[PDB]
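Worksheet: the structure to be examined is printed underneath.
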Amino acid sequence: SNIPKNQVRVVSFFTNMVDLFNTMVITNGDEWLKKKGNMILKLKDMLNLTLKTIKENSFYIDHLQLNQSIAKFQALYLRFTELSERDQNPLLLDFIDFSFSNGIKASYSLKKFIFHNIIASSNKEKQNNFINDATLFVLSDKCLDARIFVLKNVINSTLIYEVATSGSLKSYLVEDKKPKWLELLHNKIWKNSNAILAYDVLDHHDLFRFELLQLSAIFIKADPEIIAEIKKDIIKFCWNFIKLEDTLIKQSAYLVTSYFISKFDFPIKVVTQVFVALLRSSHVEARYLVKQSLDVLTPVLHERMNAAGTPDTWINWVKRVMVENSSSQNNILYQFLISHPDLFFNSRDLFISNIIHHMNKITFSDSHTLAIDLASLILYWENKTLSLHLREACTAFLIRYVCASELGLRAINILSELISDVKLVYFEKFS
Amino acid sequence: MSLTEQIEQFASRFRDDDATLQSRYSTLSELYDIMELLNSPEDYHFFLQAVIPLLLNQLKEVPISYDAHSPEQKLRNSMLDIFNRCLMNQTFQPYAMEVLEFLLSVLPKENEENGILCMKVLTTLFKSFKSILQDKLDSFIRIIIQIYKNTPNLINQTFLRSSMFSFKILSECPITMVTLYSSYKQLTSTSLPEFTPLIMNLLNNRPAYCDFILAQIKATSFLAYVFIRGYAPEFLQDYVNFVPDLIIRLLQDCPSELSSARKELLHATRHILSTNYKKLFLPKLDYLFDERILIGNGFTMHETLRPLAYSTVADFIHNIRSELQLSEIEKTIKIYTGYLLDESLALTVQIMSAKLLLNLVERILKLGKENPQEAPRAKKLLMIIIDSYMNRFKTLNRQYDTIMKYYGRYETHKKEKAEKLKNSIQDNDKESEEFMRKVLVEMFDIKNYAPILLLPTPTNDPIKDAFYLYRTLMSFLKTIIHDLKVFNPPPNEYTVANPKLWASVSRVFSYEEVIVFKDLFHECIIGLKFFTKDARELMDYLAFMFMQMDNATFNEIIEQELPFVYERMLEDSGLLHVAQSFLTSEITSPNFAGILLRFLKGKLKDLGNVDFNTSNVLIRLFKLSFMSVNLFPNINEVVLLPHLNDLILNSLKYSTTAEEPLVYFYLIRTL
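Top to bottom, those sequences are chains X and W.
Using UniProt numbering, the letters of the first sequence map in sequence onto residues 1653 to 2016, 2022 to 2043, 2089 to 2107, 2115 to 2130, 2138 to 2146, 2154.
Using UniProt numbering, the letters of the second sequence map in sequence onto residues 1 to 159, 214 to 258, 287 to 522, 558 to 648, 676 to 815.
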C-alpha cells in the first residue's frame, strides 16, 4: 500500500519483506506455509512489481540491497520448491520470473537445485516428468528464448550427465514405454522450425538452434542402434544446417553429421564432398571442430572406402588442396590432419619432399612442435614398414636445428633413429 | 626434375592450350605440379619470360562475363592462381604495362561471377608494384576513382567488390589530397537502401535482395578499414565530425551471417580511439550509450570476438578519464562488474575488468570530493565494486572441489611429460661410477563432456590462476578500502574528542556494507585452502586489509567468525599466522587479544581431555595471546588483569578433573 505513494522506497520495501519472511523460515523449520506455497508467490509477484518500477523510473538502479535480496528471495522460494511433491510446476514460474533481469541463472541459490534432480539418485522415477514438462516448456513459443537457453542447461545437462555417469543411456527406455520426449523430438524434426531454421521474427539470440544441435547430437553418441529411422530424421534435420552462412554452426552440424556416418546409413553422394569441404580451407574460429571432425571422421572413410575404394582419389583431394593452400597457416592446419591420423595414409611419396620444404620454411616460436612432429611422422612411416637428396634435407635440417639453437631432445632421439636406415666440415662454422 | 628434364616433359603445353574447354587438367600443371615445390637456383629468369607469351595467349580467353564457368570463368580464377605466386628482381614492365588493358573488361560490372579479375589480380599487380618504385602509381590510380564514382550508378540499379585495402596502402607519400580522401568520404553518406532508416525507429528483410546489402556494408566497412592508415601518421582537417555516427551507424546494422569483418572493423575503431583529438568528441556525438551488445547480435559468431569488443571500450574509458560525470561511471561499474562475474568470457578479460574498476577510483574520490553534496553516493559507488570482488572469489570457493580434480590431473600429466627429461644423453657420471663399481561423481564438469565442446579442455594450473586472482584482486582491494577513509562524517556528529585518531582508523557503514565486509572476510578465509609464502601474502593482505576497519566495526566480524576460523585451524595449522598478524603488530591488538582470550576461556572448561591436535592448536593460541603482552606492553595490559587469576585456579581445578592433566600445568609455565 505504500509503494505507489512515493515510488522511491521500493528497494527498502522489498528487502524488509524478504527480511521478515526469511526470519520466519528460521523459527519454523518445517515450513510456515504448511509446505504448500501461497505466501511466497506474492513475493515473486512483489519482485516483478519492484523490478518493473525500477526499470520504469530514473534514480536508483542496482543498489546493494536488491543485489542481496534477490539472492535471498531466490534462496527461500527455491528452498520451498524442494519441499513439495508437486516438484515440477513451481520450478518454471521462477523461469518466467527472471525474464527482466536477475542474473542468467544466479547459481547455487538456483542451480544447486537443478543439479539435485539430475539423475542422482540413479533410478529415481520422477525426473522423467521433469524432462516431459521441460520438453513441453521449450516448445512453448510464447516465453523467453533466453530462458530456453536455461532449458538447454536443464535438459541437455541432465542428459549428458546420464551419458557421463553410465555407459550410454542404460538406465532409460523401459522397453520404450512412455519416454514422451522423443515424440516431442518428432515435434522438433516434424516442425523443422520452418522456414528459416529459427523464427524469422526478431529473436535477439541464436541459441535455440545450437540447443537442438547439441540435443540432436547426444543421441548419436547415446543410442545409435535402437530406433534408427528416428536418427534418419536426425540426419535430415541436421543435414539442413550445413547450408548456412556462418562457420561454427556450419562446422558444428557438419561435425555432428561427420560423427553420424561412422555408425550407419552410408551415402556416397554427400560424404565425399563432406570431408572434401572439411579438408577445404576454413578460417580461424573453429579449427578444433575441424580437428575432431576430420580426425574422428577419417578412419571410417578409410574402411568404408575399400571394397569399392581402389583409388586414393579421396587422398588426392588432400594432395591437391595441400598444393592449393599458398603455404601459410592453411597448410599447417593440414599437417596435423595427416598427423592426428598416422597409421593408414601409406599411399605414395608425394607428401614427403614438399612438406620437408614447408618444414624448412617453419624455422626462418610456437610452430617448432609441428616441425619436429613431422620428423616423428616420417620416423613412424619407415617404422611402419619396419631418392637421397630429400633425406639430406631432412637430416641436414635436423643437424642445422640442433646446432642452431624438451623438444630438441626428442629431435636428438629422432636423429638417433633415422641415421642407421653435413658429414664433416659443416661443423667448422659453429652471446 | 628441376633442370631442363622438366622442359623435356611439360611439352604438352608448348602450345597455349589445345582443347581450351579442357585446359584445367591439361595445362594447369604449372603451379599445381611443377613450380610450387622444386628449388630456387636462379632458374625462373630463364623461362618465366618465355611463358609470359603463354600467359597472354591464355589471357585471350576472357571475352564474356555472366556465368560461363567451364571454358572461361573458373579458368579466370585459375589464372588468378597463375599470377599470385611470383616475385623476382627483373622485368616488371612485361606484366604491369600489359595487364591493365587485359583487366579493363571486368571492373564496373558486378553481376553473375565477375568484378574480381582487375581487383584480385590487382592484389598481385599491387604487391609486384610494392617491391619497386617505377612512379606510375598516380598514372593508374585513375580507374580506382572511376570505380568510386561508378558506385552511385551501381547502387541506383540494384536497390560492389571495391576492396579498398590494396589500392592505397602504397605509402609512397607524394600523394594527392582531395581526390583520394574524397574517394574515401563520398561512400559514407550513401544510404544502403532507403528502407533500413525506416527500420531504425524502434530499435531504441524488407529490401527485395539482401545479398547486395552484404556487398555494400562490406565496401563501407572497407572504407572504415582503410582511412585509419590514411590517419595513423596522417593529420586530417576540414572534417572530423562525420566519423562517429558513421562508425556506430556501420556497426549497428551488420549481418549476423558473418562477423569476420567485425574483427578488424573493431580494430579500425580502436585505431581511431587511440589517437589524441579523436577521443573527446565521441562522447560529444555518441554519448557512449550506443556501445552496448548491439554490436554483437550474431552471438555464435560473436562469442569469439567478445574479449576484443570490450578491451577497446574499457581501454577507451581508461583512456579518457576526463569530464566523466558520475552517472556514466556508475553505469561503467554496473556493466563491467557484470562482465567480471560472467564466467564464460575468460580469465585475463576478468582481471582486465577488475583493473579497469580500480583505475577509475581516483576519479570517484576526486569527483566526489569536488562537489560534496553527492559524496556518499560516491561511497556506495565505491563499495559495489568490492561486492563484485567478493562475489568473484566467492565463485572460486565453490569451484574448489573440481579445481583440485583438474590439478591432480595436472601433476599426473606433468609427471608423464617432465619425466622424459630424466633420460637425457648429457649424464657423464654413470659410466664412471659404474666403472668404479666394475673395477672394485561429476559436480561441475558437465560443460567439458558436451558433444560440442568447441575448444580443447583446459590444462593449465588452476591453482596459479587462483593465486593470480587473489594476489591481483586483494592487491587492488587494499588501496580501495584504504581510500574509503576520505568520505567519513565529521566527528562532531559522532561526538568524540580524539580528532586526529580518526582519518585512518574509524569509518561508519550501513548494515548492507558490513555484511559485505563480513562475507569478504569469510569468503576470503575459506579461500586459503588452495594453498606456503604465497598463502602468507594473503594472510598479510587480509591482515593489513583490516587494519583500516573501525575496530568496533572490526570486532563484530571476528567475534562471529573467529569460531569458524578456529574450526578451520584444526585442519590446517598455518592460519595462526592470520591471528599472529592481528595481534603481534596492530593498532588494535588491545581488541583481538581480549576477543581471543574470551574465546579460549570459554574453550578451556574441558579442553585438555581432547586429542593432540586441538591441544597443540590451543596451547599455541594462548602463547600467541601472551606474546602480545610482552611486545607492546605500554598498551592495555588491563586486557589481561581480568581473567588471569581465574586462568590459574581454574586451570588447577580443570587439571584435577581432566584426562591429560599435564597440559594445564604446561599452560601455567607458558604463562
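Idealized CB from N, CA, C, for every residue including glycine.
Nearest-angstrom Cα separation, counted from X/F1666 out to W/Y685: Within the second sequence, the letter at position 541 stands for residue 685 of chain W. Within the first sequence, the letter at position 14 stands for residue 1666 of chain X. When rounded, the distance between both Cα atoms is 36 Å.
Touch test, the region 302-309 of chain W against the region 319-335 of chain W, Cβ-Cβ under 8 Å, three pairs minimum: Contact between the region 302-309 of chain W and the region 319-335 of chain W is present: 3 or more CB-CB pairs across the two stretches fall below 8 Å.
For X/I1872, three-class secondary structure by DSSP: Residue numbering aside, residue 1872 of chain X sits at position 220 when the first sequence is read from its first letter. Residue state, collapsed to three classes: helix.
Span separating the alpha-carbon of X/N1846 from that of X/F1862: Start at 1 with the first residue of the first sequence, and residue 1846 of chain X comes out as number 194. Start at 1 with the first residue of the first sequence, and residue 1862 of chain X comes out as number 210. Straight-line measurement puts the Cα of X/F1862 at about 16 Å from the Cα of X/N1846.
is_contact[X/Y1906, chain W] using C-beta, thresh 8 Å: Position 254 of the first sequence holds residue 1906 of chain X. For X/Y1906, no CB of chain W lies under 8 Å from its own CB, so it is not counted at the interface with that chain.
Run of the alpha helix (DSSP H) containing W/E630, from where it starts to where it stops: Reading the second sequence from its first residue, position 513 is the one you call residue 630 of chain W. In this chain, the alpha helix (DSSP H) harbouring W/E630 covers 628-642.
Of the residues X/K1724, X/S1818, X/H1715, X/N1658, the one placed nearest X/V1677, counting alpha carbons only: Your numbering for residue 1677 of chain X matches position 25 in the first sequence. Per the Cα distances, X/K1724.
Reduced DSSP category for W/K581 - H, G, I as helix; E, B as strand; rest coil: Mapped onto the second sequence, residue 581 of chain W falls at position 464. Helix, per DSSP.
Residue nearest to W/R742 in terms of C-alpha spacing, selected from W/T728, W/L720, W/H721, W/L765: Here the question's residue 742 of chain W lines up with position 598 in the second sequence. Among W/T728, W/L720, W/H721, W/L765, the Cα nearest to that of W/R742 is on W/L765.
Candidates W/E385, W/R142, W/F371, of which the one nearest W/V395 by Cα: If you number the second sequence from 1, residue 395 of chain W lands on position 313. Checked all of W/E385, W/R142, W/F371; the closest Cα to W/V395 is W/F371.
Proximity of X/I1872 and X/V1908 at Cβ, strictly below 8 Å: Taking the first sequence and counting its residues from 1, the one referred to as residue 1872 of chain X is at position 220. Taking the first sequence and counting its residues from 1, the one referred to as residue 1908 of chain X is at position 256. Yes. Within cutoff.
Segment contact flag, the region 1765-1778 of chain X with the region 1710-1722 of chain X, C-beta cutoff 8 Å, min 3 pairs: Touching, no, given that fewer than three Cβ pairs across the two stretches are closer than 8 Å.
Closer than 7 Å at the beta carbon, the chain W residues around X/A1869: The sequence position of residue 1869 of chain X within the first sequence is 217, counting from 1. The answer, in chain order, is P568, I569.
Chain X within 8 Å of W/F381, Cβ atoms only: As a working mapping, residue 381 of chain W is identified with position 299 in the second sequence. It does; some Cβ of chain X falls within 8 Å.
Interface flag, W/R388 vs chain X, CB-CB below 8 Å: Working through the second sequence from its first residue, we reach residue 388 of chain W at position 306. It does not: the Cβ of W/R388 has no partner Cβ on chain X nearer than 8 Å.
C-alpha distance - X/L1791 paired with X/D1855, whole-angstrom precision: One-based indexing of the first sequence puts residue 1791 of chain X at position 139. One-based indexing of the first sequence puts residue 1855 of chain X at position 203. Cα to Cα, X/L1791 sits roughly 15 Å from X/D1855.
Contacting residues, own chain, Cβ-Cβ under 7 Å from W/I739 (five flanking each side not counted): Here residue 739 of chain W refers to the residue found at position 595 of the second sequence. The beta carbon of W/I739 sits closer than 7 Å to the beta carbons of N699, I702, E703, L706 from its chain, once the five residues preceding and following it are set aside; these are given in chain order.
C-alpha gap between X/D1947 and X/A2028, whole angstroms: Against the first sequence, residue 1947 of chain X aligns to sequence position 295. Against the first sequence, residue 2028 of chain X aligns to sequence position 371. Note on geometry: alpha-carbon atoms of X/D1947 and X/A2028 lie some 20 Å from one another.
Close Cβ partners of W/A314 (< 7 Å) along its chain, the five nearest in sequence each way excluded: Counting from 1 along the second sequence, the entry for residue 314 of chain W is found at position 232. The beta carbon of W/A314 is closer than 7 Å to those of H353 in its chain, skipping five residues each way along the sequence.
Test: W/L37 CB closer than 8 Å to a CB of chain X: In the second sequence, residue 37 of chain W corresponds to position 37, counting from 1. It does: the Cβ of W/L37 has a partner Cβ on chain X nearer than 8 Å.
DSSP three-state assignment for W/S128, whether helix, strand or coil: In the second sequence, counting from the first residue as 1, residue 128 of chain W sits at position 128. If DSSP states are grouped into helix, strand and coil, W/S128 belongs with the helices.
Proximal residues of chain X, C-beta to C-beta of W/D509 below 8 Å: Start at 1 with the first residue of the second sequence, and residue 509 of chain W comes out as number 427. Ordered by position in chain X, no residue passes the 8 Å Cβ test against W/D509, which lies about 12 Å from the chain.
Contact check, X/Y1729 vs X/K1688, beta carbons under 8 Å: The residue you call residue 1729 of chain X lines up with position 77 of the first sequence. The residue you call residue 1688 of chain X lines up with position 36 of the first sequence. No, they are not a contact pair.
Between the CA atoms of W/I731 and W/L618 - distance to the nearest angstrom: For the purposes of this step, residue 618 of chain W is taken as the residue at position 501 of the second sequence. For the purposes of this step, residue 731 of chain W is taken as the residue at position 587 of the second sequence. Going by C-alpha positions, W/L618 is about 11 Å away from W/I731.
C-alpha distance - X/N1754 paired with X/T1702, whole-angstrom precision: Counting from one through the first sequence, the residue named residue 1754 of chain X turns up at place 102. Counting from one through the first sequence, the residue named residue 1702 of chain X turns up at place 50. A straight line joining the alpha-carbon of X/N1754 with that of X/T1702 spans about 12 Å.
Extent of the continuous alpha helix (DSSP H) run through W/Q240: The residue given as residue 240 of chain W occupies position 186 in the second sequence. Looking at the DSSP string, W/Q240 is not in any alpha helix (DSSP H), and its letter there is neither H nor E.
For X/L2092, the nearest candidate out of X/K2013, X/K1822, X/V1942, X/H2009 (CA to CA): On the first sequence, residue 2092 of chain X is found 390 positions in, with the first residue counted as 1. Nearest of X/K2013, X/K1822, X/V1942, X/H2009 to X/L2092, Cα basis: X/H2009.
Any C-beta of chain X under 8 Å from that of W/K74: Working through the second sequence from its first residue, we reach residue 74 of chain W at position 74. Not one chain X Cβ lies under 8 Å of W/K74.
Closest residue to W/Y482 among W/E559, W/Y321, W/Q455 (Cα-Cα distance): Taking the second sequence and counting its residues from 1, the one referred to as residue 482 of chain W is at position 400. Comparing Cα-Cα distances from W/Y482 to each of W/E559, W/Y321, W/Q455, the minimum goes to W/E559.
Under 9 Å (Cβ pairs) to chain X, residues found in the UniProt repeat "HEAT 6" (319-357) of chain W: For the UniProt repeat "HEAT 6" (319-357) of chain W, the set of positions with a beta-carbon nearer than 9 Å to some beta-carbon of chain X reads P337, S338, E339, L340, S341, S342 in chain order.
Classification of W/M1 by the beta-carbon crowding that lies within 10 angstroms, buried from 16 upward: Here residue 1 of chain W is taken as the residue at index 1 of the second sequence, counted from 1. Looking at its Cβ environment, which holds fewer than 16 other Cβ atoms inside 10 Å, W/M1 is exposed.
Proximal residues of chain X, C-beta to C-beta of W/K416 below 8 Å: Residue 416 of chain W sits at position 334 when you count from the first residue of the second sequence. Neighbours of W/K416 on chain X, chain order: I1713, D1714.
Neighbouring residues, chain X, relative to W/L442 (Cβ below 8 Å): Working through the second sequence from its first residue, we reach residue 442 of chain W at position 360. None at all; the shortest Cβ gap to chain X is about 16 Å.
Min CB distance X/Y2103 to chain W below 8 Å: By one-based count along the first sequence, residue 2103 of chain X stands at place 401. The Cβ of X/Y2103 sits no closer than 8 Å to any Cβ of chain W.
Selected residue, minimal CA-CA separation from W/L788, among W/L806, W/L775, W/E804, W/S769: If you number the second sequence from 1, residue 788 of chain W lands on position 644. Comparing Cα-Cα distances from W/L788 to each of W/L806, W/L775, W/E804, W/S769, the minimum goes to W/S769.
Cβ of X/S2005 within 8 Å of any chain W Cβ: Numbered from 1 along the first sequence, position 353 holds the residue referred to as residue 2005 of chain X. Yes, X/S2005 counts as interfacial toward chain W.
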